[PDB]
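Structure file coords_25.pdb with PDB, N, CA and C atoms:
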ATOM      1  N   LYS L   1       8.429 104.599 -61.968  1.00  0.00           N
ATOM      2  CA  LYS L   1       8.856 105.979 -62.116  1.00  0.00           C
ATOM      3  C   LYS L   1       9.440 106.474 -60.792  1.00  0.00           C
ATOM      4  N   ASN L   2       8.785 106.078 -59.709  1.00  0.00           N
ATOM      5  CA  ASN L   2       9.227 106.472 -58.382  1.00  0.00           C
ATOM      6  C   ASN L   2      10.676 106.025 -58.177  1.00  0.00           C
ATOM      7  N   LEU L   3      10.823 104.778 -57.756  1.00  0.00           N
ATOM      8  CA  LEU L   3      12.144 104.219 -57.519  1.00  0.00           C
ATOM      9  C   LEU L   3      12.369 103.037 -58.463  1.00  0.00           C
ATOM     10  N   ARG L   4      11.351 102.757 -59.264  1.00  0.00           N
ATOM     11  CA  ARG L   4      11.425 101.660 -60.214  1.00  0.00           C
ATOM     12  C   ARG L   4      12.532 101.918 -61.238  1.00  0.00           C
ATOM     13  N   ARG L   5      12.325 102.954 -62.037  1.00  0.00           N
ATOM     14  CA  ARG L   5      13.294 103.317 -63.058  1.00  0.00           C
ATOM     15  C   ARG L   5      14.697 103.394 -62.455  1.00  0.00           C
ATOM     16  N   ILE L   6      14.738 103.695 -61.166  1.00  0.00           N
ATOM     17  CA  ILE L   6      16.003 103.801 -60.461  1.00  0.00           C
ATOM     18  C   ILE L   6      16.676 102.427 -60.420  1.00  0.00           C
ATOM     19  N   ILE L   7      15.921 101.448 -59.945  1.00  0.00           N
ATOM     20  CA  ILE L   7      16.430 100.091 -59.849  1.00  0.00           C
ATOM     21  C   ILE L   7      17.191  99.744 -61.130  1.00  0.00           C
ATOM     22  N   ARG L   8      16.669 100.236 -62.243  1.00  0.00           N
ATOM     23  CA  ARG L   8      17.287  99.987 -63.534  1.00  0.00           C
ATOM     24  C   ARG L   8      18.232 101.133 -63.901  1.00  0.00           C
ATOM     25  N   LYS L   9      18.089 102.231 -63.172  1.00  0.00           N
ATOM     26  CA  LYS L   9      18.920 103.398 -63.409  1.00  0.00           C
ATOM     27  C   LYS L   9      20.362 103.084 -63.006  1.00  0.00           C
ATOM     28  N   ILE L  10      20.491 102.174 -62.052  1.00  0.00           N
ATOM     29  CA  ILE L  10      21.802 101.777 -61.569  1.00  0.00           C
ATOM     30  C   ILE L  10      22.609 101.183 -62.725  1.00  0.00           C
ATOM     31  N   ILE L  11      22.068 100.118 -63.298  1.00  0.00           N
ATOM     32  CA  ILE L  11      22.724  99.450 -64.409  1.00  0.00           C
ATOM     33  C   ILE L  11      22.866 100.430 -65.575  1.00  0.00           C
ATOM     34  N   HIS L  12      22.177 101.555 -65.448  1.00  0.00           N
ATOM     35  CA  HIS L  12      22.217 102.578 -66.479  1.00  0.00           C
ATOM     36  C   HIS L  12      23.288 103.614 -66.133  1.00  0.00           C
ATOM     37  N   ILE L  13      23.103 104.247 -64.984  1.00  0.00           N
ATOM     38  CA  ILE L  13      24.042 105.258 -64.528  1.00  0.00           C
ATOM     39  C   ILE L  13      25.450 104.662 -64.492  1.00  0.00           C
ATOM     40  N   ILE L  14      25.530 103.446 -63.972  1.00  0.00           N
ATOM     41  CA  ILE L  14      26.805 102.756 -63.873  1.00  0.00           C
ATOM     42  C   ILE L  14      27.377 102.551 -65.277  1.00  0.00           C
ATOM     43  N   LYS L  15      26.501 102.153 -66.187  1.00  0.00           N
ATOM     44  CA  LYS L  15      26.904 101.919 -67.563  1.00  0.00           C
ATOM     45  C   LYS L  15      27.098 103.261 -68.270  1.00  0.00           C
ATOM     46  N   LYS L  16      26.078 104.101 -68.166  1.00  0.00           N
ATOM     47  CA  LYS L  16      26.122 105.414 -68.788  1.00  0.00           C
ATOM     48  C   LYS L  16      27.204 106.257 -68.110  1.00  0.00           C
ATOM     49  N   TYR L  17      27.172 106.251 -66.786  1.00  0.00           N
ATOM     50  CA  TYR L  17      28.140 107.008 -66.010  1.00  0.00           C
ATOM     51  C   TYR L  17      29.265 106.103 -65.505  1.00  0.00           C
ATOM     52  N   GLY L  18      28.917 105.260 -64.544  1.00  0.00           N
ATOM     53  CA  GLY L  18      29.885 104.340 -63.968  1.00  0.00           C
ATOM     54  C   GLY L  18      30.932 103.927 -65.005  1.00  0.00           C
TER      55      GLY L  18
END
Written as structure tokens, that's how I'd like the structure from this file.
Amino acid sequence: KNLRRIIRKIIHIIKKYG
């Protein structure tokens, strides 16, 4: 939740956003 979800948030934000 801290920075974990973030690590996966990248492939997400990038995909979702990026």
Using DSSP assignments from the backbone, pull out every residue in chain L that falls under helix (DSSP H, G or I) and give it to me as a ChimeraX atom specification. /L:4-17
Could those selected residues go to a file with N, CA and C atoms, as a PDB file, in the coordinates of the input?
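Once written, result05.pdb looks like this:
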ATOM      1  N   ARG L   4      11.351 102.757 -59.264  1.00  0.00           N
ATOM      2  CA  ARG L   4      11.425 101.660 -60.214  1.00  0.00           C
ATOM      3  C   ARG L   4      12.532 101.918 -61.238  1.00  0.00           C
ATOM      4  N   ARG L   5      12.325 102.954 -62.037  1.00  0.00           N
ATOM      5  CA  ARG L   5      13.294 103.317 -63.058  1.00  0.00           C
ATOM      6  C   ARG L   5      14.697 103.394 -62.455  1.00  0.00           C
ATOM      7  N   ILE L   6      14.738 103.695 -61.166  1.00  0.00           N
ATOM      8  CA  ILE L   6      16.003 103.801 -60.461  1.00  0.00           C
ATOM      9  C   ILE L   6      16.676 102.427 -60.420  1.00  0.00           C
ATOM     10  N   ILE L   7      15.921 101.448 -59.945  1.00  0.00           N
ATOM     11  CA  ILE L   7      16.430 100.091 -59.849  1.00  0.00           C
ATOM     12  C   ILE L   7      17.191  99.744 -61.130  1.00  0.00           C
ATOM     13  N   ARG L   8      16.669 100.236 -62.243  1.00  0.00           N
ATOM     14  CA  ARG L   8      17.287  99.987 -63.534  1.00  0.00           C
ATOM     15  C   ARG L   8      18.232 101.133 -63.901  1.00  0.00           C
ATOM     16  N   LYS L   9      18.089 102.231 -63.172  1.00  0.00           N
ATOM     17  CA  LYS L   9      18.920 103.398 -63.409  1.00  0.00           C
ATOM     18  C   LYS L   9      20.362 103.084 -63.006  1.00  0.00           C
ATOM     19  N   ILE L  10      20.491 102.174 -62.052  1.00  0.00           N
ATOM     20  CA  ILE L  10      21.802 101.777 -61.569  1.00  0.00           C
ATOM     21  C   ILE L  10      22.609 101.183 -62.725  1.00  0.00           C
ATOM     22  N   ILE L  11      22.068 100.118 -63.298  1.00  0.00           N
ATOM     23  CA  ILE L  11      22.724  99.450 -64.409  1.00  0.00           C
ATOM     24  C   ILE L  11      22.866 100.430 -65.575  1.00  0.00           C
ATOM     25  N   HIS L  12      22.177 101.555 -65.448  1.00  0.00           N
ATOM     26  CA  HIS L  12      22.217 102.578 -66.479  1.00  0.00           C
ATOM     27  C   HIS L  12      23.288 103.614 -66.133  1.00  0.00           C
ATOM     28  N   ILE L  13      23.103 104.247 -64.984  1.00  0.00           N
ATOM     29  CA  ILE L  13      24.042 105.258 -64.528  1.00  0.00           C
ATOM     30  C   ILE L  13      25.450 104.662 -64.492  1.00  0.00           C
ATOM     31  N   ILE L  14      25.530 103.446 -63.972  1.00  0.00           N
ATOM     32  CA  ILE L  14      26.805 102.756 -63.873  1.00  0.00           C
ATOM     33  C   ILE L  14      27.377 102.551 -65.277  1.00  0.00           C
ATOM     34  N   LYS L  15      26.501 102.153 -66.187  1.00  0.00           N
ATOM     35  CA  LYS L  15      26.904 101.919 -67.563  1.00  0.00           C
ATOM     36  C   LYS L  15      27.098 103.261 -68.270  1.00  0.00           C
ATOM     37  N   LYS L  16      26.078 104.101 -68.166  1.00  0.00           N
ATOM     38  CA  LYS L  16      26.122 105.414 -68.788  1.00  0.00           C
ATOM     39  C   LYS L  16      27.204 106.257 -68.110  1.00  0.00           C
ATOM     40  N   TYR L  17      27.172 106.251 -66.786  1.00  0.00           N
ATOM     41  CA  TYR L  17      28.140 107.008 -66.010  1.00  0.00           C
ATOM     42  C   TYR L  17      29.265 106.103 -65.505  1.00  0.00           C
TER      43      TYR L  17
END
Atom C of residue 18 in chain L and atom N of residue 2 in chain L are how many Å apart?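 That distance, rounded to one decimal, is 22.9 Å.
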Can you sort out the box for chain L, edges along x, y and z, all listed atoms in, 5 Å on every side, with centre and edge lengths in Å to one decimal, as AutoDock Vina command-line options?
--center_x 19.7 --center_y 103.2 --center_z -63.2 --size_x 32.5 --size_y 17.6 --size_z 21.3
